[PDB]
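Working through the structure, step by step
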Amino acid sequence: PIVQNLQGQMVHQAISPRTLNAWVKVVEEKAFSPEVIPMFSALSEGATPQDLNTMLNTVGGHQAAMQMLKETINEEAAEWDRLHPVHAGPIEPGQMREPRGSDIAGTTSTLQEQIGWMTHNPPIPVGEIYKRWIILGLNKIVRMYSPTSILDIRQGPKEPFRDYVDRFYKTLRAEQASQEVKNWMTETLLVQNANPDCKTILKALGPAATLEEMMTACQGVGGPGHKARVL
Amino acid sequence: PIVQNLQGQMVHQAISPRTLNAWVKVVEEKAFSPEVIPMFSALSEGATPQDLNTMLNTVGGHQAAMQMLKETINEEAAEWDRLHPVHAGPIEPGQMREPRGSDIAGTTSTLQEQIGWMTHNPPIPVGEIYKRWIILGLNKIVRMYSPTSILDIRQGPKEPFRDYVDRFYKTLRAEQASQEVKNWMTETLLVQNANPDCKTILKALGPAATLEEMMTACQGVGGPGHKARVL
Amino acid sequence: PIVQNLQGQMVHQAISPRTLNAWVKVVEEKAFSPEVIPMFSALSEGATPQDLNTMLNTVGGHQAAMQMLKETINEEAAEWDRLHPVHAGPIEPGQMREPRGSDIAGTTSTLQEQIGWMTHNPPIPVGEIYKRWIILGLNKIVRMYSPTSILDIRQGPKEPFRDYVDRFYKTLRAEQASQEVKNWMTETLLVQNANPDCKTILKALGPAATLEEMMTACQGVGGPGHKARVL
Amino acid sequence: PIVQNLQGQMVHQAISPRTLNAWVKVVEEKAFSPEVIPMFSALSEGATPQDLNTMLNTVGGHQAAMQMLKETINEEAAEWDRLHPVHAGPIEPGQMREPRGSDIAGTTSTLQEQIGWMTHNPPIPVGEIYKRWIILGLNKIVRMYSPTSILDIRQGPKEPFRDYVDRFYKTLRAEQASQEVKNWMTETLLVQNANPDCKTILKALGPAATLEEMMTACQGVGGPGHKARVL
Amino acid sequence: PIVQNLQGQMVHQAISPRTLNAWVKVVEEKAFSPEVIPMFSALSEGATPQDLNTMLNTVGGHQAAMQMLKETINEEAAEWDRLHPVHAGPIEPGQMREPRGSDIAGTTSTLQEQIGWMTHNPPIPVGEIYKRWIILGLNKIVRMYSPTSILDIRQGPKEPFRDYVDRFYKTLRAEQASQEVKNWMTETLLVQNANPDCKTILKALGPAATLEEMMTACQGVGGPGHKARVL
Amino acid sequence: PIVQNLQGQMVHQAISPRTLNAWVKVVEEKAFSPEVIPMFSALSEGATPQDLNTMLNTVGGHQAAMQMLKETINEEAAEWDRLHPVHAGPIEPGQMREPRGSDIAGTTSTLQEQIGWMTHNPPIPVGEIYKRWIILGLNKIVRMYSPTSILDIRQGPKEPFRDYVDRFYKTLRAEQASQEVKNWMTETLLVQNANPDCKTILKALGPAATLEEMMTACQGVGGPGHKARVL
Amino acid sequence: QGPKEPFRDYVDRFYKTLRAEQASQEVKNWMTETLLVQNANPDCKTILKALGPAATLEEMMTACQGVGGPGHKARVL
Amino acid sequence: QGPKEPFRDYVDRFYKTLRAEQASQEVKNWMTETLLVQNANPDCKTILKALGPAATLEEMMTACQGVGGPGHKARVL
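Residues numbered from 1 in each chain as written, not as in the entry; some residues may be left out. Chains lettered and ligands numbered in written order. Part of a larger assembly, values for the part shown. Heavy atoms only, no water.

Let's talk about helix α6 (residues 111–118) of chain D
Residues and elements named next belong to chain D. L111, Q114, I115, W117 and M118 are the residues of α6 that are buried. Relative to the axis of α6, the buried residues are bounded by an arc of 165° and lie together on one face. Residues of α6 that are buried sit in contact with β1 (2–3), β2 (11–12), α3 (49–57), α5 (101–104) and α7 (126–144). (Buried < 20%, exposed > 50% of the residue type's maximum accessible area, 1.4 Å probe, protein only. Helix = DSSP H or I, 4+ residues; strand = E, 2+ residues; numbered from the N terminus. Arc of directions from axis to C-beta. Contact = heavy atoms within 4.5 Å.)

Structure follows, in structure tokens:
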């Protein structure tokens, strides 16, 4: 990873082996969940395209999804390669050479080149660009390995509004729908898929209710259930 | 977050996945409680708005309570925006755009604007201001994860006064009770239901009395202040 | 806390969550015991009033007793405002204000105002003043919440002099009475409450013999217990 | 390890306790392994061959695997030496002899001589070379010690298609057979050792369809919680 | 403690909680035993007397020992005063002063002055002198907390000589014995008290034999069975 | 330890308990194996004599063995002294002395004077000389309590040539016989006392075969001992 | 303080014995504050406490008179 | 090997078996130090281990006298 000091000073420092493996530990506990994507998205930030590749290789589990991340990454390297075929040198001493989709994946490029691209005029940020490709990969897998879906879920005869809204907000993240569909999912379905007695109570509250009014409501129709609040 | 006084704005390290793993592990396991607040302060010092969004959104649980923390910010960033018009842009190079309330919170701001205010001269402290805005709503959602009520309170069948005061003040700070509120709860509940003999002394002290003189009262007179007898 | 191990210049550095964890544990798991007075003293090193306030505010339990600790500390603030009258504006334009007693207690001052006093030459000693008030307030609490008295404890009809000694020094460290009184306690209270067999030797030793000499004589009382005692 | 910046002087500095501590914990725990290989390459980043031989001898257990390691590197070192003879002079402080194979292997060189090969420009990188012959012996021992071969991999009658491809692509990374054969393993063996209900789905799907279509496919078989995911 | 941060002058650092936690686990788990004294040396690297005295006062019970220890430091502080071996001679007016026993103990000195004398030459390291007083009293506690005496200690008929020689050395370490004693015990009483096969073998070999000769001897005798063994 | 050698800012850095904790854990877990030896030299990189002494005394178990170590250390200090340069001429010549035995082990010499023979010309390294003597005392105890089982391990009917082969190599590395014994054992005992199905083909393969070359062998010999083997 | 003996009789022995005592004045204040109540009687401690620790000498000797009962029974002179 | 014949009978068949053997003298020293001694009696096990191959053979006959001729035993008289 690469650190920027004042006035033109750009230098490189290596990753800690513990801190490197701080995302892998998360998928051990969580699997593929939408909150895993910012967790990676922090660790990948300011990392060099070599480091970015170390991020994927240190995973010894989940080896089909890991191949499938490799597939998403190289399709977008080809798309870029269709954007920018390079046949020709830089023709100005002051100009650093155009990257091919292989360069950006960290396979054809050296540390001086990936650093020099960022210090180039206009600057070329091939790690930010490749990172997005990692996160596309990672978003695909989280969308594929979901345990549930917003149209399936409804509230149990003993579940209080408090818990069911917490899962309905959590569920709403994984769905990739448009804002007005996601808004209607909120406005219609949430109070439509409330249990028989809790719905009676949401109607007696009226149409405009705040989350604090509706969270404290239905606590005598349902009961607490598990402590951990994970399902 | 800053870790060197004059580091550049373009290439910046993110909030550590280690610092994140301490936090996500307390919040998902043990919810919101008052001692999260001083540790959030300890971990979020000099964090950018993208550092703080990362800290809020890398938790997968308790999503209802984070919509309120968000809706709270949404209130306040609008409050800043109804008094502060968008400044006119810079007039020369080396001088930066003034933040709008939506860019203090990370809405319309990207990372190198966020850290570029912070690494500017003088430093402009946009994630402090947003730090104040999170503390506002944290202290709110705390009271939703508060286990028991200071208004619906009684001392047990055979609970000592000494013992109940200890509990009453645990409970009183759990809702973060203001001085008139503490003085009215003292007057209407804590010294209400006492022994008549002890009550002469508790009328003379009243509710603005320090806890040392309050609790240690009536050790020479009267029955017990719990209803069951002690002889 | 204010630190000077990061560069040649003094700088502020944000409180550690491992410091607060560490301070809160001995207070919570054991309540208040004389051990609390070193534990604050090791880890309030370098602290600004604002750290010392966070360190007071962090403990989750014992909420009645911290209230008494807080009242006790703020009594000393008001005292210093009686003693040392000051002004809120400068003594003339281009000066910083002298701290008021409240500013000592961190209520009506900023982080920046506490760096400005502590980085001065010779330093204005606003954490060192407020650290002493808190230690002053510690002494009241560890006496008050001692579950034992020095006057009650004595030697029994089967106990070694070493066991009485061990109990006497632990309790007498905790008690805050006048030095004069504490010296009749080591010269006359220890000597008198001893077992009737031990008084004979403790006179032939007299008051000036060494602590090994006193410990080693009168050890057979009740027999040996060592292998049959807990430690 | 050798550290710091060339212009200011690179400096050699000691091996950290906590890293060495982590390396013996892990070698006991999960030995030589695919996620151990990037942990060794990132730990050994700065490492000299004296450092690589120091950490290799702290391993403890796995001594047949160290013998296998030791004869592959010795043979690599000997292959290098009979390939490339050294005709270097007698040298002085200020001059450096070109290295033999035995100098790569660490076996004829001390640390100072290793310090001065890496601080030449370009480096002679006796470290990166000795590393890659160690990773070459790491993949041989981790193939050898593979839990189950690709050849013997299968899908049982109620065993899921997803649990199966997970182990396929996993045992596929352990194997050190050539890549064209590994084309037939992926294309043929994966359908052919699958259960018959999936073998009908996979032949109809064919090599044209992508990975994501193959991972989406074949999930109504495998039991009730496979069904819920696609419905 | 006193750290170097590579800026050309000595500077203070706050104590770590991990040195405290290492000390209060050590005394708790193991009580007071010969390995806890070189552990305290390890925690005392570059601590001030103030840093050590905090550590001594951090312990709760065992206060008969703590007063014997606090007595022992003050004997050795009072000696270093009258012995004077830091003596300056006669000196002209404006040169740095001669400290005495109270300056080295830090009752009449402060941190920056103790630094003055380590920086001015010939160097005095104040916390070394203090360090060496504490563990002298600790040596006394580990003997007094051990009941076990060299002229008493026995073995049975079935036990190997190796266990009785381990045990004699863990005795002798807590006693810290003289040479006449070690001779008298080795040659006579240890040979005679040793198991009957080991006596017939040991006298023919040399009842005055060295520790390495003695651990060579008595092969095959006492302990488990009589064949299938290398000791 | 000292840190920063071959550089003008050579400095001390404290002993870590992480380091001691490693050494005591392993001496406890399995005592004197050959892997402790590199764990000492890996722990001791940069070590003072104080660091080297400190770490030896931190072990509580095994004191006869540790006392044998000190006997050995003392014998090397005497050996150093016998070959010491003669004391003659000027008592103090006005230059730094030659170090004797006591000095290297650290009993007459302290960190200001030890830096005095690393700065004084030629350089003398107290701790690297002393580390040589401690490894000889470890090596004497490792030799004395030698595992002794190479003759007595053979394979049963269903042994697959893996776990016992490692076990063969572990007692072979334990054994302190010469290279001329060790090279006979690897063409005789290894293969003659192999699993009997395998032993016929290890015979036709070649008895002086390499470890890699033996582990690939024995394919197609049939029987249940072949079924159990994975590769 | 004996079970039937009242404060007055007891605080009168205490001061006769205190005057004979050659102990420092701080301690004689400690002994009046602290030892006096604690070597008073278990059920009498409660009465002094209701009075509060800043009650007068007059008030001290007023306390527990009931527990000592009638003045013809046990004579002061 | 065992204890059933005297050490002199065993060592004599031992050195005949080392006589048949080709393998280098350092390995026949290690058999003489390790395997030879291991199947001896506990009584003289300490002594023979110092004598080993290192000391003169004739010395090895000084000990284990009184053991008895051909047959079962476990220690020496």
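Observations regarding a nonpolar patch on the surface
A contiguous nonpolar surface patch, about 310 Å² in accessible area, is contributed by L151, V181 and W184 of chain B. Topologically, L151 of chain B is positioned in the loop between α7 (126–142) and α8 (161–172). (Patch = residues over 30% accessible without salt bridge, like charges linked within 9 Å, V, L, I, M, F, W, Y side chains within 5 Å. Areas by Shrake-Rupley, 256 points an atom, 1.4 Å probe, with all protein chains shown as cover. Salt bridge = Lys/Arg side-chain N within 4 Å of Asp/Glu carboxyl O.)

Considering the pairing of strand β2 (residues 9–12) of chain A
All names here are of chain A. Both strand β1 (residues 2–5) and β2 contribute to a ladder of 4 bridges, which runs antiparallel. By the bridge assignment, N5 is partnered in β2 with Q9. Counting the residues between successive antiparallel strands, the hairpin from β1 to β2 contains 3 residues, one of them, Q7, with a positive phi of roughly 55°. (Pairing = 2+ DSSP bridges.)

Here's the deal with the interface of chain B and chain A
Taken together, the contact between chain B and chain A spans 34 residues of the former and 31 residues of the latter. With both sides pooled, the region where chain B packs onto chain A buries about 2,800 Å², and carbon together with sulfur makes up 64% of that total. If you sort the residues of chain B by the area they bury against chain A, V11, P17 and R18 of chain B come out on top, with a joint share of 20%. Here chain B is connected to chain A by 2 salt bridges. For the salt bridge of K30 of chain A with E28 of chain B, the shortest nitrogen-to-oxygen distance reads 2.7 Å. For the interface between chain B and chain A, the tally reads 10 residue pairs in polar contact. Elements with a contribution of two residues or more to the side of chain B that touches chain A: α1 (17–30), α3 (49–57) and α4 (63–81) of chain B. Residues of the side of chain B that touches chain A, tallied by class, amount to 15 nonpolar, 15 polar and 4 charged. (Buried area = accessible area lost by both parts, 1.4 Å probe. Polar contact = N/O pair within 3.5 Å; in protein donor to acceptor, adjacent residues only side chain to side chain. Nonpolar A, V, L, I, M, F, W, Y, C, P; charged D, E, K, R; others polar.)

Focus on the pattern of salt bridges
Charged atoms that come close allow side chains of opposite charge to pair. Here the structure, examined in full by the defined rule, presents 67 salt bridges over all chains. For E175 of chain A, the salt bridge identified is with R143 of chain A, shortest N-O distance 2.6 Å. Placement of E175 of chain A in the loop between α8 (161–174) and α9 (179–192) and of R143 of chain A in helix α7 (residues 126–144) is noted, with a sequence separation of 32 residues between them. A residue is classified by how much of its surface remains accessible, and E175 of chain A, at 17% relative accessible area, is buried. With a closest N to O distance of 2.7 Å, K131 of chain B and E128 of chain B form a salt bridge. Highlighted residues: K131 of chain B and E128 of chain B, both in helix α7, separated by 3 residues, approximately one helical turn. Assessed through its relative accessible area of 6%, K131 of chain B is described here as buried. Take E128 of chain B: its relative accessible area is 38%, and that puts it in the partly exposed class. In this structure, a network of salt bridges that share partners links the residues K30, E35 and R173 of chain A together with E28 of chain B.

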